[PDB]
Every structure is written in structure tokens, then in C-alpha cells.
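Opening with a subset of the complex:
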Amino acid sequence: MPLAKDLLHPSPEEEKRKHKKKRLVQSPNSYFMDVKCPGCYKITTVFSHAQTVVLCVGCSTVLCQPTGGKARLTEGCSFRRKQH
Amino acid sequence: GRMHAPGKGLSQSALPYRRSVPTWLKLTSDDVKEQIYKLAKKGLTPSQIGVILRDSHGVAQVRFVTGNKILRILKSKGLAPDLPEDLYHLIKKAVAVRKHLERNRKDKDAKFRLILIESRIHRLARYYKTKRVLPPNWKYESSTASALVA
Amino acid sequence: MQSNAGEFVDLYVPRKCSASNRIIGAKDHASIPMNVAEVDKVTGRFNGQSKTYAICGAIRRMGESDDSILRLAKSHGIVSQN
Amino acid sequence: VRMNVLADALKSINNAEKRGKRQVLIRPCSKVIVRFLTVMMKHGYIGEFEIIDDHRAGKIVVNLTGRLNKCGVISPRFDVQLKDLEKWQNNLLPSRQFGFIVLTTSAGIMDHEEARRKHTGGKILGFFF
């Protein structure tokens, strides 16, 4: 900072790069998404940082694999939050 | 500040402002209550139920559909675990450390660790006793810790 | 520094600043203003009538001053290509 | 963690002001902080503030001015029966001609000049000048 700035409506790239609880208006950026993926024949809702796998009846096993960060997905997928 | 762990970091999620999540499909009260009842039949903790509901169903927390949370539903029904989930899992660690300590009597680390976990149980339990979630006439013991986890 | 209803105590009235809202005291070093010339515009060629900004010891030693002058100058006008 | 919230806010502003910085993020945000800021603001010691609302506990962004010299906190609070106010005022303020001791009275959080008129004492929060 040049040490005299005052910011009352901060840009969303210096507030969206920061840690989840360090944000200047605190809501996380995590979302839900619909996964289509072709070996599943139903539209499974999945959490972006799912943790434990989401699975469904339509697939044998192919929907998610676990990852500590963002959940792994396989083949065709979409995402829309929608409205967080 | 932490006197219950040697940590320095964080261990909670950020939570959103709103009382409605995600607002494109929040399902209905009916669906998730049935699911909760069926999961709680199997003896699953509120933690586990929250995880599976979040990711698979279009609900996140069930606090955003109705003002009740998973524990509150359970508690009012009268079908609930018989001690808080955290307290259970604490007791369970102290059992596991105790079993390891029986195996090895040269493991100084394990002795130190056991003390810490046990202290942590007592402070949490004291809190539950005062607010009538535990009876004051129960108390933590080696003996009874085993019996709970089994 | 007034006394009573508006009697004058005082040896002099010091300069102020508006880049940090702090007075320039009493004989201090690195305290100078900055007269930027006005230009009359449109026909060009300097016409009076200085715009003056007051710079204090404090701001300069904390290496603020560059940015500050622009904020002060822009806010009250006027320089081409704003 | 935080056993006083006034003390953190007051320091935060002063440390900003030293730099020439015109913003702070104070938190956890409380009713007393709002009240202290408004009385301070009215006399011109600080500029306007804006309370951002979260479900955590709130966060306030104060735009400050350098019309302040020191806002001190009297922690732990003491009783003032309007005959220790005089003792404080000579002790801890540079003159009796300016500066306010700000207290909390049962008739509201008020500056000590107003306290003197009411003749209602209470607990001393802090001061500024």
C-alpha cells in the first residue's frame, strides 16, 4: 500500500484470492454443480470440495474420486452455482 | 488460543452470510427428514449425516431449509446418540491410545498424549454436565470409556 | 491558536497538510510546498495562479508523497488526460 | 483472545494515523464500539465510519482523520462519582480547556461535560483529545 488508501468497495480479485475466512466480506466461494457424466444416467448434484465421494445408482462407480482439495470428476460435466 | 492442542492453524470452514443455500434447488423438508431418520437408524453421527447430505443432495446444511439442525431433529424425535458426537470420538481416541499403551510400556510419547486427550474429555464433559447433556453422576474412567466405545 | 472569543495569542499560525492531516511544525526539515503552475487552457500558455500543496517531513520519510500529490491534484483539478 | 475490544480499536486507529493510513479493519464489533465512534466522530476527532455486516460478529471500516492526538483506554474501568472526575481530568488531560473523558452512565454513553450537567456518574471507558 502507499499508505493513505481507503477502500469501501474492494475489487473482486484481491478479495477473491485470499483465504476463506480472511475475506473482507466473508462468504466462501464453494458451490454445487451438476454432473452429467455419461456412464451415469441421472444428474447427480455434487459439492465442489466433496471430501467423500458422491456416487449414484446410474453409474457403476464413475462419478467422483476423493481428493483432499476439489473433488475429482470424470468425463462430461457442467457447473453453475447457482447463486452460491 | 489453543491449550488443548499444540496447533496454530485453523480447523473450521468459512460459512456463508445467508439463511438460504443454494437457492436453485433447496428440496423440501420431507425429503431430507426421511433421509436423516433412516441414517440415524443405522447409528450414524450428526457429522456423518451432514457430510453425505451436503455433497449428494442439493441441500448443504439442513439449517438453511428449516431452522433445525441434525441434532435438533434427532433430540426432539427421541432417536439420538446417547452422548455428543465430539465427546464419543474423544473417548474413542483415549481408548485407542490406552490399548497402544498396554502394548508398549516404553512409549513415553503415548503416556504424554493420553493425559492430554483425557484432560480434553474432562473439560468438554464438565461443560456438558453443567448444561444437562450428561448426568453429573457419570464420570469418565478407563473402565467406562471401554464400555462406551464398545 | 486563538484564546477567548477570537483574541490572538500566538506567534504565528503554522501550515497544515491534507495528505495525512498533520501540521507542519516549527522550523522542521523536509517541509516545503509545491507550486504547480496553472495553464489557462484552450489557447495554452501559463496563466498564474499557483496550485500549492503542503508536504510534511512525515509523508516524505515514509515514502508516500508521490502518490499523495496526484490524489490532491486530481481531486481539485486540473491536468490533461484526466 | 480478546478480553477488551475498546483497547484493540483505539490502538488500530492510532497506528493507522501514524502512517497516514486512512482505513482500518476493527472487529469483533460491538454496541459500545459504535457508540464510542459516534461521539468521537461528532467532535471531529475522526472521520465517518461504515459498519459491514457479517454473521461472524461484524467488521467496521473507519475512515479516520489526524485531528486526534491520542484516544486512551481506562482498562480496567473505575467508578466515577463526579469527584474523581476532577482528579482524572487534571491528571490525564493536558488542559481543562479541551478534550473529553467519555464514560458510560445509566442515562447513556456520554461525554463528561454532559455527565457533569446530569450529575449521573458511572464507569469510565476512556478519553480522547
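Ah, there it is. Numbering: from 1, shown residues only, chains lettered A, B, ... in the order given.

how much space between the spatially most central residue of chain D and chain C?
Residue closest to the average C-alpha location in chain D (CA atoms, centre = their mean): residue D:36, at 4.4 Å. Residue D:36 is 20 Å from chain C, where distance means CB to the nearest CB, to the nearest Å. Backbone N, C-alpha and C define where each C-beta goes, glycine included.

Around chain D, pick out the residues from chain C.
C:19, C:20, C:21, C:22, C:58, C:59, C:62, C:64 (CB under 8 Å from any CB of the partner chain).

Just name the closest of the residues you listed to chain B, please.
residue C:62 (31.8 Å; CB to the nearest CB).

Now do the contacts for that closest one.
A:3, D:19, D:20 (CB atoms under 8 Å, 6 or more residues apart in numbering or on different chains).

per-domain residue ranges of chain D.
As assigned by CATH domains of a matching chain, chain D contains the domains D:1-68, D:69-129.

so how far does the first one reach from one end to the other?
Which is domain D:1-68. Across domain D:1-68, the terminal residues are separated by 28 Å (CA to CA, to the nearest Å).

So the residue nearest to the centre of chain D sits against residue D:126, correct?
Yes: in this structure residue D:36 lies within contact range of residue D:126 using CB atoms under 8 Å: 7.4 Å.

Mind listing the shared neighbours of the two?
With CB under 8 Å, 6+ apart, residue D:36 and residue D:126 have common neighbours D:6, D:102.

Going along the chain, name the helices of the chain.
Let's take chain A. Using DSSP state H, no helices are found in chain A.

meant chain C actually
C:57-61, C:65-76.

Which residues are in contact with residue 21?
In the absence of a named chain, this looks at chain A. Residue A:21 touches B:10, B:12, B:14, counting by CB under 8 Å, 6+ apart.

Correction: the question concerned chain D.
A:1, A:3, A:4, A:5.

Most neighbours among the residues of chain C next to chain D, which one is it?
residue C:59 (25 neighbours; other CB atoms under 10 Å in any protein chain shown).

Compute the distance between it and residue C:20, please.
Look at residue C:59 and residue C:20: by CB to CB, to the nearest Å, they are 6 Å apart.

please slot chain E in as well:
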Amino acid sequence: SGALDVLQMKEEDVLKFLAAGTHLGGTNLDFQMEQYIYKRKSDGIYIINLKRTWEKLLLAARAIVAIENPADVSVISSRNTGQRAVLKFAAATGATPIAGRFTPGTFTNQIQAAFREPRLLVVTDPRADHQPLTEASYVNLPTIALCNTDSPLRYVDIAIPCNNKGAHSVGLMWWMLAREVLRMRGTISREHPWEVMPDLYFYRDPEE
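Chain E now in position relative to the chains above:
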């Protein structure tokens, strides 16, 4: 401001800038130069914003104007590349010139073999003209300076983003400065550009 169309730049300047290699900057992150930056070149290096370079140059120029004697602005360079540069500026504008070594104490020292009386200093890099920059803040003198993204900003009032080390970069900025001050007050007049080329400035350029 002035008459106004060519003080919002023009293609002529944008060509001169690109040619002189002004545009490239350092690789050190900023906190006082950061505002000025247009965009960052891939894997470090900052592209300075010519729009910002303009406005600062004009504000600088304007401050030299409103003095009816141009002698009491000291143009200072200790850099080789800018020795010729400042010498031409002094001929043109009528500045009192300081090329090569400054020689410590000319704004200080009551007993000295030289003394100069300025009112405003113009510096080409305040990490090479560090002696004037320090000396000036002992005797209450404002200092403009040509600053990159790793120059000191302490005791500098108005910075002008620019590479301002070596090549034609130091030359060109002296040319454009001289052109600007002459527009407002000189004999180019009417806020239109110089008929002198920047090549009279620049460095000596080893003579074959």
C-alpha cells in the same frame, strides 16, 4: 492543462517511447509504483502506463513554470548516458547544469568552493543521485525524480514511471521535458511539439 488535444498524447510520442525502450521495467513488486503499472509482461517485467508517464511529466514541467528564472531549477545526472542530455536541456530551457559528479555540498556548506541556489531539483535516478536526494532533505528542497520500480521513493515528491537507466531512455525523457516546459513558457509556444529531434539529446554514442 493547456491546448489540449496533443496533451492527451499523440502517435508521435508512442513511437518515440517504444523506440527508446522506456516501456520495460524491473521485476521487483511495488507498493508505491504499483498504481502506475499498465500490465505485467509474462514471467515478470512491468509495462509502464504511458498515460501516467505523460501526466506526471506535465505536472513536473508545470512546477518549473511559474518561476520567471529557469536557472533556479537544477537538472542533475551523474549517469554517463544523461551527461549530454542535461547539457542540451540547460542550453534549451536555461537550467543550471550538473553533469558528472555532483561533488558533495553545494546546497549545504557555508564555506565551499561552489554553491548553487535551486528551488526545485530534477533527478534522473535517486539511487545514483542519492547524494543530492539526501542533501536536499536537510535544507528543505522539493525533488522531482525519474523513478523505476526499484528506485527509492523517500524524499521524492512526484515520481515519473520510466526505465530511466541507460540507452536512449534517459535522453528521450529530457527531450520531452524540455519540449513540455517550452510549450507553456518558452518559444515553441501554443502547446505544440518541438522541431528539435531527440537525437541531439540521448548519449554521445561512440563516434566512428
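
same question on the contacts of residue C:62, but now with chain E added
Residue C:62 neighbours (CB under 8 Å, 6+ apart): A:3, D:19, D:20, E:154.

now swap in residue A:16 and tell me
By CB under 8 Å, 6+ apart, the neighbours of residue A:16 are A:23, A:29.

and if we set it to 6 Å?
Applying CB atoms under 6 Å, 6 or more residues apart in numbering or on different chains to residue A:16 gives no contacts.

Spell out for me which residue occupies the centre of chain A.
Note: chain A centre (CA atoms, centre = their mean) maps to residue A:48, 3.4 Å.

isn't it right next to residue A:30, touching?
Yes: Residue A:48 is within contact range of residue A:30, at 5.1 Å (criterion: CB atoms under 6 Å).

Name the residue of chain C that lies nearest to chain A.
For chain C, CB to the nearest CB, closest residue to chain A: residue C:67, 4.1 Å.

count of neighbours near that residue?
What residue C:67 shows, counting by other CB under 10 Å, is a neighbour count of 25.

any idea how far the nearest residue to residue A:29 once chain neighbours are set aside lies from chain D?
Distances taken as CB to CB, 6 or more residues apart in numbering or on different chains place residue A:16 nearest to residue A:29, at 6.6 Å, with adjacent residues excluded. Counting by CB to the nearest CB, the gap from residue A:16 to chain D is 16 Å.

Just give me how far stretch B:21-40 sits from the chain centre.
20 Å (CA atoms, centre = their mean, to the nearest Å).

Return the set of buried residues in it.
B:21, B:22, B:26, B:32, B:33, B:35, B:36, B:39, B:40 (16 or more other CB atoms under 10 Å in any protein chain shown).

Mind picking the two most distant members of those residues?
B:22 and B:40 (24.2 Å; CB to CB).

re earlier: the residue of chain C closest to chain A against residue A:2, yeah?
Yes: between residue C:67 and residue A:2 there is a contact under CB under 6 Å: 4.1 Å.

what secondary structure does the residue of chain E found nearest chain A sit in?
Nearest to chain A, among the residues of chain E, is residue E:32, at 5.0 Å (CB to the nearest CB). When classified by DSSP: H, G, I helix; E, B strand; the rest coil, residue E:32 comes out as coil.

isn't it right up against residue A:2?
Yes: if you go by CB under 6 Å, residue E:32 and residue A:2 touch, sitting 5.0 Å apart.

with the structure above as the base, add chain F:
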Amino acid sequence: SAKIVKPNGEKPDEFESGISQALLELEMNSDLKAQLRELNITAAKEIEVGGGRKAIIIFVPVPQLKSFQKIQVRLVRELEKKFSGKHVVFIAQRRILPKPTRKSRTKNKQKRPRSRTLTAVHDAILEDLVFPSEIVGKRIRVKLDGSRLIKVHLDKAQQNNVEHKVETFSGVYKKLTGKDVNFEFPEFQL
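Chain F now in position relative to the chains above:
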């Protein structure tokens, strides 16, 4: 059937009679049959706003509101057409437990949560006015003068629906509480 829409012990008439007749029409009207046939509003109140059209504030006891909110924009659009430019919305009013003072009466209390208190009711009213966007966040700006204006952030997706509404929402809030509300779009999504 409307039979309770006008009864409230209010002296008018004019607007309530209009609204009650409107309710009967809507009961039969397509895609709104079988959801107004058992749910009939307690009262209607008319208060003006700075848009130069009057605003019709309808009162719901909270259970009704869910059905009204479901449709909202389409229903309000029809009612605006019907009443020639009046802006219709739905506001929820709870009983609200008495003041935590003492004198001036503190009546009967039993535990008063912060989800049924005076502030909670005002927040709930704000939420109810909108439908296709939600309240992302809020900020209140305290002016140097001493005035406060509350900027209510709304979702930056599906915003259009609330954009035209804004002026009436501002005015109605002012009439009811004595505080001005203004609406804004943030900097979250995108």
C-alpha cells in the same frame, strides 16, 4: 374465498374492497387455482411512495407468504395491471415480544430469540420483498452528518427482476420504520 380481506376493523374500504374482489378473481384464475382457495390475506394497507404510484402492502401471517413468494413477480405484475400502476408486494408482520425495559409495559415474556425480535422481523421483511435474488450481504454507511443509509447487496445473477422494484422498496421502508433503504449489486459472482 375473500371474507377476511376487508375485515380488520379498518375504516376504509377503498383499496381493501378492490383487493378483496381481486383475490376472488385470482382464486379462479389459471395456475393460481387451488392455492388461494384456503389462504386469504388478513388485511391490505395502502401507503404512497415517491414513484407517483401508491403502494399496496399486503399482510401475511408467515405460513401464507411461502405461496405468495413462490410466484411473486408474475402475480404482482397482474395486480399492477389491474390496479393501474400500483406496486404490490408482501410484508410479514409478527406479534413481536415487548421491550426489555422495565417500565412501559414489559408484559409477558418467556424467552425472546433473536429470530423473532424487532430487528429480526425487519430483516425478514427485506428478504420477503425480493424472490429471484437473495441478500448476499449488507452494509450500513454512517455519514459524518450522523445519518445512516443501509445498502442491501442483492445477487448479481437474476438481478433484473428487482431492478425496477427498488424505488418502491425504498419508500415503503421509510413509511414503516422511518429509515431509508437503498439497494445495490456487489462484487460477489463476479
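
let's see the contacts of residue A:21 again after adding chain F.
residue B:14.

go on, the one 3 residues further on?
The contact partners of residue A:24, taken as CB under 6 Å, 6+ apart, are A:10, A:15.

Return the distance of it relative to residue E:35.
Taking CB to CB, one finds residue A:24 at 20 Å from residue E:35.

Please apply the same query to residue F:118.
46 Å.

And those two? Which one has more around it.
residue E:35 (16 against 13).

Can you read off the backbone torsions of the more buried one?
phi -60, psi -40 (degrees, to the nearest 10).

Could you find the closest non-adjacent residue to it?
Nearest one to residue E:35, counting by CB to CB, 6+ apart, is residue C:67 at 6.3 Å.

circling back: just the buried positions in the host helix or strand of the residue nearest to the centre of chain D, please.
If you go by DSSP states H and E, residue D:36 is part of helix D:31-42. Buried residues in helix D:31-42, counted by 16+ other CB under 10 Å: D:33, D:35, D:36, D:37, D:39, D:40, D:41.

State which one residue of chain C is found closest to chain F.
Counting by CB to the nearest CB, chain C gets nearest chain F through residue C:21, at 14.2 Å.

these two touch, right, that residue and residue D:64?
No: in this structure residue C:21 lies outside contact range of residue D:64 using CB under 6 Å: 8.8 Å.

quick one, what contacts residue 2?
Since you didn't name a chain, this refers to chain A. With CB under 6 Å, 6+ apart, residue A:2 has these contacts: C:64, C:67, E:32.

that's the other chain; I wanted chain E
Counting by CB under 6 Å, 6+ apart, residue E:2 has contacts C:39, C:44, E:191.

quick one: buried residues of the lengthiest helix in chain B?
Longest helix of chain B, by residue count under DSSP H: helix B:108-130. For helix B:108-130, a neighbour-count test (16+ other CB under 10 Å) marks B:110, B:113, B:114, B:117, B:118, B:120, B:121, B:124, B:125, B:128 as buried.

Can you tell me the closest non-neighbouring residue to residue F:94?
Per CB to CB, 6+ apart, closest to residue F:94 is residue F:121, 5.2 Å.

burial count for the one you found?
Residue F:121, neighbours per other CB under 10 Å, totals 17.
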